[PDB]
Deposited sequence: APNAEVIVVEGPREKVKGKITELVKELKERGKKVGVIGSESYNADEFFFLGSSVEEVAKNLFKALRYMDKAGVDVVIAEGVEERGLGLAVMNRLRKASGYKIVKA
């Protein structure tokens, strides 16, 4: 169970990238240290690669979350794109979390 709040942003990749970028700025402006587990940082305070396959997601997610807690992040945004079933895999491997439609 990660200490940080977990937010999964799902939808087509194009929309997810825009939504995550938006959320990071919002969280930062509010004073929250934010981390992103995805395909890129979107300029978050912390970043950890999610993986590009369902198998990689299942393998890296918890390692990523441990990294985030060790870093003291307040909120972790997990990229959940529709393409290649990454978002579904994220939710499957995922205590409590929020889901945001991109």
{"item": "Deposited-sequence ranges lacking C-alpha coordinates, in sequence order", "value": "95-97"}
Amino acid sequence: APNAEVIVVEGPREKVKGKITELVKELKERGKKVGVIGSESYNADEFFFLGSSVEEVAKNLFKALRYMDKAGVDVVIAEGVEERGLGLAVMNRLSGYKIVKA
From here on, numbers count along this sequence of modelled residues.
item	value
Stretch with the greater mean C-alpha B-factor as recorded in the entry, comparing 25-33 against 73-81	25-33
Greater mean Cα temperature factor according to the PDB record, 58-66 or 45-53	58-66
Relative C-alpha B-factor of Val100, binned into the chain's lowest, middle or highest third	middle
B-factor third for the C-alpha atom of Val9 within its chain	lowest
Third of the chain, ranked by Cα B-factor, where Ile20 sits	lowest
